[PDB]
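Tertiary structure, described
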There are 4 protein chains.
Amino acid sequence: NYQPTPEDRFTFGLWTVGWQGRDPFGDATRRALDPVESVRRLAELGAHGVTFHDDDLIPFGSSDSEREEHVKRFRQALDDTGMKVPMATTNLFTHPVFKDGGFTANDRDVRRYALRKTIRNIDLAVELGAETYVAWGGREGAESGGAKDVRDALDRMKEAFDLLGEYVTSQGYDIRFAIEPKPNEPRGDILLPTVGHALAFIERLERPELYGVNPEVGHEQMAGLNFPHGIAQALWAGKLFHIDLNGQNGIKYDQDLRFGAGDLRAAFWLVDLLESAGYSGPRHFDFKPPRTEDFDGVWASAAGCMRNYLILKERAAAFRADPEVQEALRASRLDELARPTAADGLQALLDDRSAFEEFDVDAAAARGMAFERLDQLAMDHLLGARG
Amino acid sequence: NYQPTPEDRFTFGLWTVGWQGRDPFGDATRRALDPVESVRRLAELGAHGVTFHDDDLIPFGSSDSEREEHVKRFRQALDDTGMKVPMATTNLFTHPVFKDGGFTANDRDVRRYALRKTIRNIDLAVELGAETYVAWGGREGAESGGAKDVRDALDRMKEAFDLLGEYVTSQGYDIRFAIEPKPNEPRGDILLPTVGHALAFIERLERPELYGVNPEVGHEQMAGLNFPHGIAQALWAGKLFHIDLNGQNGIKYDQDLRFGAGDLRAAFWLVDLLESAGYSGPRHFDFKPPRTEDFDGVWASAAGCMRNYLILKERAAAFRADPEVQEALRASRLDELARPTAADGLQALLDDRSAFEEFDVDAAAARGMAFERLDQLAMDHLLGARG
Amino acid sequence: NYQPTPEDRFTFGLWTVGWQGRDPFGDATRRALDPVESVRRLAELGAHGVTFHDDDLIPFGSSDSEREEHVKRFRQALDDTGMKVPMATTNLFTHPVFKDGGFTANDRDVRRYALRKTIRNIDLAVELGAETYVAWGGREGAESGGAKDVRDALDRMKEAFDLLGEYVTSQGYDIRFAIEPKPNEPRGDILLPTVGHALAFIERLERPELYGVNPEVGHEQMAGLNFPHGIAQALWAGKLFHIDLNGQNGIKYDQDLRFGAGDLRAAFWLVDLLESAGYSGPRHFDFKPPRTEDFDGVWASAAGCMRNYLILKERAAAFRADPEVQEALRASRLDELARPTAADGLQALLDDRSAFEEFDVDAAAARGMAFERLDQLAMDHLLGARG
Amino acid sequence: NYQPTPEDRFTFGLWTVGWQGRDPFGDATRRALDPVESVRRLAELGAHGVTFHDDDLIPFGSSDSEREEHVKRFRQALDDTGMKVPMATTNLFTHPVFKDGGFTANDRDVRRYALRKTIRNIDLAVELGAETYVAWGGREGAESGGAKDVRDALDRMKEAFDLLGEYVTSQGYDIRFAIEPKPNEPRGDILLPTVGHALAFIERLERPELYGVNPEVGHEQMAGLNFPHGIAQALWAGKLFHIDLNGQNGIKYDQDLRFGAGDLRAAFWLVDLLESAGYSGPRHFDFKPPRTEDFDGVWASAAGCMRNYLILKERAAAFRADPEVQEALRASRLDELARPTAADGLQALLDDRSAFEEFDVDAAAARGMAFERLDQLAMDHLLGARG
Ligand SMILES: [Ca+2]
Ligand SMILES: [Ca+2]
Ligand SMILES: [Ca+2]
Ligand SMILES: [Ca+2]
Ligand SMILES: [Ca+2]
Ligand SMILES: [Ca+2]
Ligand SMILES: [Ca+2]
Ligand SMILES: [Ca+2]
Ligand SMILES: [Ca+2]
Ligand SMILES: [Ca+2]
Ligand SMILES: [Ca+2]
Ligand SMILES: [Ca+2]
Ligand SMILES: [Cl-]
Ligand SMILES: [Cl-]
Ligand SMILES: [Cl-]
Ligand SMILES: [Cl-]
Ligand SMILES: [Cl-]
Ligand SMILES: [Cl-]
Ligand SMILES: [Cl-]
Ligand SMILES: [Cl-]
Ligand SMILES: [Cl-]
Ligand SMILES: [Cl-]
Ligand SMILES: [Cl-]
Ligand SMILES: [Cl-]
Ligand SMILES: [Cl-]
Ligand SMILES: [Cl-]
Ligand SMILES: [Cl-]
Ligand SMILES: [Cl-]
Ligand SMILES: [Cl-]
Ligand SMILES: [Cl-]
Ligand SMILES: [Cl-]
Ligand SMILES: [Cl-]
Ligand SMILES: [Cl-]
Ligand SMILES: [Cl-]
Ligand SMILES: [Cl-]
Ligand SMILES: [Cl-]
Ligand SMILES: [Cl-]
Ligand SMILES: [Cl-]
Ligand SMILES: [Cl-]
Ligand SMILES: [Cl-]
Ligand SMILES: [Cl-]
Ligand SMILES: [Cl-]
Ligand SMILES: [Cl-]
Ligand SMILES: [Cl-]
Ligand SMILES: [Cl-]
Ligand SMILES: [Cl-]
Ligand SMILES: [Cl-]
Ligand SMILES: [Cl-]
Ligand SMILES: [Cl-]
Ligand SMILES: [Cl-]
Ligand SMILES: [Cl-]
Ligand SMILES: [Cl-]
Ligand SMILES: [Cl-]
Ligand SMILES: [Cl-]
Ligand SMILES: [Cl-]
Ligand SMILES: [Cl-]
Ligand SMILES: [Cl-]
Ligand SMILES: [Cl-]
Ligand SMILES: [Cl-]
Ligand SMILES: [Cl-]
Ligand SMILES: [Mn+2]
Ligand SMILES: [Mn+2]
Ligand SMILES: [Mn+2]
Ligand SMILES: [Mn+2]
Ligand SMILES: [Mn+2]
Ligand SMILES: [Mn+2]
Ligand SMILES: [Mn+2]
Ligand SMILES: [Mn+2]
């Protein structure tokens, strides 16, 4: 009955189930949650662990004594439940000081503060056992063209990530970074707007091996992109260090629906890919229970995230294992796609008259791809309609 | 009066002014143009040169004798006019054989044919003096999830680009490649959908120095992305080898409006950036005179491409040179954005109490960015409304 | 096994399965189909009937003798198979004469021709038994602001529809009109871009009772709108005279995927609504088998349209019939939504202190809507995962 | 120098310049403004007046004594400055009680409360001299399909608007209603998502003459629609009772940029249309000074709204008055578009062989529309580049 257990590696941000329901036009609809209660309730639902922004776990401006008490209580809840903390991150977007960015703020003093705030929380993340440190630069960008010279901003962004890499290397930490793209919101345009832009940026860092991406379903979908395709490119690059799962209904404000909502067929193809590729990282949900809901609805929404993942996992596995689907994949030449174009080499290709001079383009053109039959087998599997 | 001359490096594809006006629901509205007439008419408008797909210049399936005559006539028109050919490309999308791709077709024989067709035209491009060879893989992608394993497809795409790099190196050619992203159309989703994805992909090629991007205004805008931002990242990476200029009104079918149409403020910020950065490549238009137009409207539309570039160049230069704008840029701390965050180094940053322990976050937060005043100065400059 | 029969009222345009695969960048991939063969093959798949544009059935420019032979052969195929023709329409978009519109062309002579062409085909539609006459004004609109005064264009559009209403009334025909909205493509913006705009326009016609809408799934989705919501408003207005079913993956070019592809949850909620409302019209597919496919894939794609409708019908019916869902609907106050706000009347409402002075807004605010539990029951039903 | 005066009828919501800068991921960046200070500062900039939600002027939950003092101070500021209040509206979206809607909340008691809250503020609006009462039902809609039966919701929405019409008629008030569409945000989909849907809905109300639309630039643009086209349809229907002016960069979250920002050419064509049509209502700005700004930037942003309107007004007037543009409009047959298609009547059209039998479709098709020359004249006028 699609019941999650910790072995499924499902994780949730404190800020997800703890979202009080403030949106772009309305006040909170739910009380704040104590992180300890979220840990306990998520454990009861079969979660593996939780994640946090610094400021979710320790109220901004806490004294050292307050900070230690907040961490102590949280660690007791983790120990009580067996929950893990595989990932943490920094809040460089809520406080008004970050209104023009953290690492790419025009104000140099703000950039320095952003780095210090991040470094403090990296230490805590390591203490709590996190393997991955996410950076979502939600305030990095602009509403107008003159406000942000993007080459200068990318110089500053590279400088910041390089310094963080220097820091973790200097401390002997094993933690790695995962940069999270988003195309817009809260800035009119955000820097590193997609998986591609973040992958490209990482290749200019001094120690690129320390950085990957943390793609979020809804974020790539806010640019109308195909999330499974972007995940495939991240996997191809060896850079899928973490992932955020949720739902999004098209190009509009960031909805953060529970996973499986939004584009359900995209959710199916995503799970198919993660499972086929043997992705071994957390299945992390960055979602918002809608502000229509009370706390019972919060936990229902969270449970539904995990349930939908497990249903889609079953259906994708059944699809790939079905001999009729395997025959259809051959009919559509997916096997040929996985074979080298010219393992014979360039000169052999140039000398091969079957590749040009004597290639029957019309016969090749006439061969149907049989993709519709393949896709209706996929639909039948997804819907449990084989027959 | 914003009159273009060849020194402005404006170029046009044969397929642009030669577009007969077939769209997704209608037949041609204009006769085919002889490339020779397009060269002559573009030269008369002040163009610098022209570009071509193989199949624009030599009808598909031409005999060797026909091919030589087509090239001979074209070269006579170039010589007659002083027009150059700075870029050429391959048509790997029109012929039905490419219905599932060229370099990433599931059928291996089609992939081999795509490479042979490309190599043949690289030789011709070099003969005609082209410095850049564009590849727009418009058929690389999918309408459905099972049809295309994207990791396998990227393996094939890398194999193809690596072989082309091997080929140009083997012939001692100086030509470089420019990969053109597009998010969708004609495929439901296209591989390397944005500037970021193409930049990232290039970093996995064997000889990455031989490849850059050929971004198109409308294509990034079809993903709702900020084209000037993407161009800034391409410049930051040193990969803006070529550019396609046109207009697009938002997220919808690829309109290919004349440059300046569509998002006019984005056109202003693009020209500002290209000129500020000293981009030295062709200002190439990949546009379609709308099918409402007759041939007089074709040449009016082409002229308007160049006129709009020159108006925006004047206004951007005036903006940047205006002492009041320079003061506003300082007021908004664009100067600070261009200064290193921590040239003092990591340890100095960690030891700097002004960066954290004694940082007055509220005072920093209270400092307005003054971006609206800056942007209204930009608006006033664009519209010729200073005062 | 979700097998369609004619009693299901599934219909297809000749132009759908007959699409030769010309798209915005490529040549045909399939031969033209004889309408007679399409009728026979669709009947074999369990279709109820077919629809046509004038020019699909009778080649443009046919002599009277040719026209009679084309119609005679078609009527023999209908008689041979038991297929019906519930709807027909006019092609006012392919021929270059319609490059600026039919009914709202700037050229008056073109507007008059568009009306004559339409009237000729209304007569034929009636002859063949059609109850509904669709008008999709794909060329009505503009790429630029000065080209089309939209108030004048709406005057001309109203004049045209009024004349068609006068014509059918004058002939005693029972046929009604269904106006099909689309937001863009092939024009940069199309007039009457959504279901709302078409409904509003109908209310200004002289005989509004003769006109409804023909909404298409993909078209409303090209504006990022919720298709089930638009269908509900059309039903609410009593104007759902016909519908086009297909799939669309977001805001981009008009894909015309087979029904069930694209937004699958939107397809589920659409079928739920059509069945709940007792929509009695044709379940018509306006789709394109992708140009990757050969003719076997054409018929597979067509079959899949009908199969997906029948699967979703089963799952929606199961959802609505499930006592646990009925309890959840009460928990979410869907029953209360269907009860009048103030059947007691305005004065009673003003005098009701429980509605304001003594309304406990905080207690009301605290009541969760329980929408996530309801939606996960819907997801479970769709996926066949109850348990 | 494009200086606004009250005669220009520029108005601003209290909530616009008073926006404290809370967005979907961040805390306030500016202190709350006293409405009295906003009235004074807007008057100094040349504004004509201000608008308000009930809860902007009187803090939610105010005692009668507090309410009277808030109104008294506001009326003194209006009297001190000569500012008017042409429009008011209700906040049916901020308070958590409205989390599932006001007029279409599933909870009947909430619907009744929404009406009482609205009626109370209609009385105040009339007291303060407002001619128009706006309703933006930002919470009316859904995130999931089962949560909202849209036919039932439209029944409730009609009931609510009918009761408000009954109320204003019963009091002898001259005020009229303006319904504001928005496609999404804060709900996943909002009911009456576009100008078309709102126009259509109004035609089912008991007293349709009392209701028009209040279209907002950014809202129609969030559906990728052409705002000038939608305004033309509203004008055509005689329903443009009020308008909200601002900017939006494409399909994404509601940006509420200052007017002129976003789609600048759409702003030009909008002003051209409002001025050509003789729209006589307020030029109201519903905008947000970006949260990057301090209060000096708030007033700069507000000033820029009015400045951009006045620049575009000048350029549109110059365009329409230019004899070369008038010649181009004739060349493009805009004059013919404004002439009846068939004032001769249906029978004359049927009998006119020049309309069909003897219509030279090829000669008509060959006639270019000359739209590109016309549009480049428009561009030249907008940019002050004639020559
Ligand atoms: Ca409860
Ligand atoms: Ca292999
Ligand atoms: Ca072979
Ligand atoms: Ca002409
Ligand atoms: Ca510097
Ligand atoms: Ca210092
Ligand atoms: Ca076959
Ligand atoms: Ca009832
Ligand atoms: Ca009661
Ligand atoms: Ca200041
Ligand atoms: Ca007239
Ligand atoms: Ca005449
Ligand atoms: Cl898992
Ligand atoms: Cl709050
Ligand atoms: Cl609360
Ligand atoms: Cl509580
Ligand atoms: Cl310093
Ligand atoms: Cl980069
Ligand atoms: Cl790396
Ligand atoms: Cl990986
Ligand atoms: Cl959903
Ligand atoms: Cl999909
Ligand atoms: Cl709830
Ligand atoms: Cl709640
Ligand atoms: Cl130039
Ligand atoms: Cl053609
Ligand atoms: Cl022709
Ligand atoms: Cl001709
Ligand atoms: Cl072989
Ligand atoms: Cl990559
Ligand atoms: Cl490189
Ligand atoms: Cl470069
Ligand atoms: Cl434009
Ligand atoms: Cl811009
Ligand atoms: Cl023309
Ligand atoms: Cl033409
Ligand atoms: Cl049915
Ligand atoms: Cl063809
Ligand atoms: Cl063929
Ligand atoms: Cl064949
Ligand atoms: Cl006449
Ligand atoms: Cl209307
Ligand atoms: Cl009616
Ligand atoms: Cl109906
Ligand atoms: Cl799909
Ligand atoms: Cl849905
Ligand atoms: Cl096939
Ligand atoms: Cl084929
Ligand atoms: Cl005005
Ligand atoms: Cl706040
Ligand atoms: Cl503050
Ligand atoms: Cl202050
Ligand atoms: Cl009651
Ligand atoms: Cl309606
Ligand atoms: Cl009315
Ligand atoms: Cl009006
Ligand atoms: Cl802007
Ligand atoms: Cl425009
Ligand atoms: Cl400021
Ligand atoms: Cl501020
Ligand atoms: Mn998100
Ligand atoms: Mn995230
Ligand atoms: Mn293009
Ligand atoms: Mn291009
Ligand atoms: Mn369509
Ligand atoms: Mn259709
Ligand atoms: Mn807005
Ligand atoms: Mn508004």
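What counts and how
- Residues numbered from 1 in each chain as written, not as in the entry; some residues may be left out.
- Chains lettered and ligands numbered in written order.
- Heavy atoms only, no water.
- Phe/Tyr/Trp six-rings, centres within 6.5 Å; stacked < 30°, edge-to-face > 60°.
- Helix = DSSP H or I, 4+ residues; strand = E, 2+ residues; numbered from the N terminus.
- Buried < 20%, exposed > 50% of the residue type's maximum accessible area, 1.4 Å probe, protein only.
- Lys NZ or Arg CZ within 6 Å of the ring centre and 35° of its normal.
- Polar contact = N/O pair within 3.5 Å; in protein donor to acceptor, adjacent residues only side chain to side chain.
- Contact = heavy atoms within 4.5 Å.
- Buried area = accessible area lost by both parts, 1.4 Å probe.
- Salt bridge = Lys/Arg side-chain N within 4 Å of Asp/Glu carboxyl O.
- Nonpolar A, V, L, I, M, F, W, Y, C, P; charged D, E, K, R; others polar.
- Least-squares fit on C-alpha atoms.
- UniProt positions renumbered as here; feature names shortened; annotations may be inferred.
- Donors = N, O, S within 2.8 Å, 3.2 Å for Na, K, Ca; no water.
- Pairing = 2+ DSSP bridges.
- Axes fitted to C-alpha atoms, helices over the stretch in contact; angles between N-to-C directions.
- Parallel < 35°, antiparallel > 145°, perpendicular 65-115°, else oblique.

This paragraph deals with the packing of aromatic side chains. The description of an aromatic ring pair rests on the distance of the ring centres and on the angle between the ring planes. Under the defined criterion, the tally for this structure stands at 88 aromatic pairs over all chains. On the numbers, 5.5 Å between centres and 75 degrees between planes, the contact of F10(B) with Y309(B) is edge-to-face. Residue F10(B) is located in strand β1 (residues 10-13), and its partner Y309(B) is located in helix α11 (residues 295-321); the two are separated by 299 residues in the primary sequence. Each member of the pair, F10(B) together with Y309(B), is buried. With centroids separated by 5.7 Å and ring planes inclined at 55 degrees, the aromatic side chains of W136(B) and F25(C) adopt a geometry described as tilted. Note that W136(B) is positioned in strand β4 (residues 132-136) and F25(C) in the loop between α1 (14-17) and α2 (35-44), a pairing that runs across two chains. When sorted by exposure, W136(B) lands in the same class as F25(C), which is buried. One aromatic cluster in this structure is built from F103(A), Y133(A), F161(A), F177(A), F201(A), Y211(A) and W236(B). Directly above the aromatic system of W19(B) lies the positively charged group of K288(B), at a separation of 4.7 Å from the ring centroid. Positioned above the aromatic ring of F241(C), the side-chain terminus of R176(C) is 3.6 Å from the ring centre.

With that settled, consider the environment of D286(A). Residues and elements named next belong to chain A. As for its position among the elements, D286 is in the loop between β10 (283-285) and α11 (295-321). Separated by 43 residues in sequence, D286 and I243 have C-alpha atoms that sit 9.1 Å apart. Polar contacts involving the side chain of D286 include one to the side chain of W15, which spans 2.8 Å.

Another aspect to go through is the interface of chain D and chain A. Taken together, the 33 residues of chain D in the interface contact 33 residues of chain A. Carbon and sulfur atoms make up 52% of the surface buried where chain D meets chain A, a total of about 3,100 Å² over both sides. Summed over the three residues of chain D that lose the most area to chain A, namely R22(D), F25(D) and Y253(D), the buried surface amounts to 23% of that side. Salt-bridge contacts for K252(A) lead to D189(D); the nearest nitrogen and oxygen are separated by 3.6 Å. Along the contact surface separating chain D from chain A lie 16 residue pairs in polar contact. Looking at the side of chain D that touches chain A, its residues break down into 11 nonpolar, eight polar and 14 charged.

Attention shifts here to the relation of the copies chain B and chain A. Relative to chain A, chain B is turned by 180 degrees and slid 0.0 Å along the rotation axis, the superposed coordinates differing by an RMSD of 0.0 Å. Each copy turns onto its partner about a two-fold axis. A shared binding surface is used by both copies, with 100% of the interface residues of chain B retained as interface residues in chain A.

Moving on, we come to the UniProt feature "binding site: Mg(2+) 1" in chain A. All names here are of chain A. UniProt marks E180, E216, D244 and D286 with the feature "binding site: Mg(2+) 1", using the numbering shown here. Taken together, the annotated residues stretch across 107 residues yet fold into one region, lying no more than 11.7 Å apart by C-alpha. Along the chain, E180 falls in strand β6 (residues 176-180). A polar atom in the side chain of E180 sits 3.0 Å from the side chain of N214. Note that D244 resides in strand β9 (residues 244-245). Among residues more than four places away in sequence, those in contact with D244 are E180, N214, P215, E216, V217, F227, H284 and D286. A distance of 3.2 Å separates a polar atom in the side chain of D244 from a polar atom in the side chain of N214.

Here the focus is the interface of chain B and chain A. The partner chain A presents 101 residues to the 101 residues of chain B that form the contact. Summed over both sides, the interface between chain B and chain A buries roughly 9,100 Å², with carbon and sulfur atoms accounting for 61% of that surface. The three residues of chain B that bury the most area against chain A are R116(B), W236(B) and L337(B), which together make up 10% of that side's buried surface. Viewed at the interface, chain A and chain B are joined by 12 salt bridges. At the junction of chain B with chain A, the criterion picks out 56 residue pairs in polar contact. Here the side of chain B that touches chain A gets 12 residues from one element, more than from any other, and that element is helix α6 (residues 150-171) of chain B. Here the side of chain B that touches chain A is built from residues that sort into 52 nonpolar, 17 polar and 32 charged.

With that settled, consider the relation of the copies chain D and chain A. By a simple turn and slide, chain D fits onto chain A: the slide is 0.0 Å along the axis, the RMSD is 0.0 Å, and the turn is 180 degrees. The residues that chain D uses at the interface reappear at the interface of chain A in 100% of cases, marking a shared surface.

Bringing the coordination of the manganese ion (ligand 66) into the picture now. All names here are of chain C. Those protein atoms acting as donors to the manganese ion (ligand 66) are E180 (OE), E216 (OE), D244 (OD) and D286 (OD), and they sit at 2.2 to 2.3 Å. Mapped onto the polypeptide sequence, the residues donating to the manganese ion (ligand 66) form the spacing pattern E-x35-E-x27-D-x41-D. In this structure, the manganese ion (ligand 66) lies 5.1 Å away from the manganese ion (ligand 65), the two metals sharing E216 as a donor. Within this pair, whereas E180 is found in strand β6 (residues 176-180), its partner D286 is found in the loop between β10 (283-285) and α11 (295-321), the two being separated by 106 residues in sequence. No difference in accessibility class separates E180 from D286, as the two residues are buried.

A separate point is helix α7 (residues 195-202) of chain C. Residue and element names in this part refer to chain C. Buried residues dominate α7, accounting for eight of its eight residues. Buried within α7 are the following residues: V195, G196, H197, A198, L199, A200, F201 and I202. Backbone nitrogen of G196 and a side-chain oxygen of the N-cap are separated by 3.1 Å at the start of α7; the cap is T194.

With that settled, the discussion passes to the sheet that holds strand β4 (residues 132-136) of chain D. Residues and elements named next belong to chain D. On the basis of which strands lie adjacent, the open sheet formed by eight strands has the order β8-β6-β4-β3-β2-β1-β10-β9 and parallel pairing. Edge positions in the sheet fall to β8 (211-213) and β9 (244-245), since each of these pairs with one other strand and no more. Here three bridges tie strand β1 (residues 10-13) to strand β10 (residues 283-285), and the two strands are oriented parallel to one another. Residue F10 lies in a different strand from β10, and its bridge partner there is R283. This element, helix α6 (residues 150-171), spans β4, β6 (176-180) and β8 of the sheet and lies at about 160 degrees to β6.

Right, let's talk about the packing of α11(C) against helix α12 (residues 323-331) of chain C for a bit. Residue and element names in this part refer to chain C. Their axes nearest at 5 Å, the elements α11 and α12 cross at an angle of 65 degrees. One element, α11, and the other, α12, form an angle in the roughly perpendicular class. Note on element contacts: α12 touches α11 through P323, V325, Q326 and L329, opposite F319, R320 and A321. Per-class residue counts for the contact of α11 with α12 are five nonpolar, one polar and one charged.

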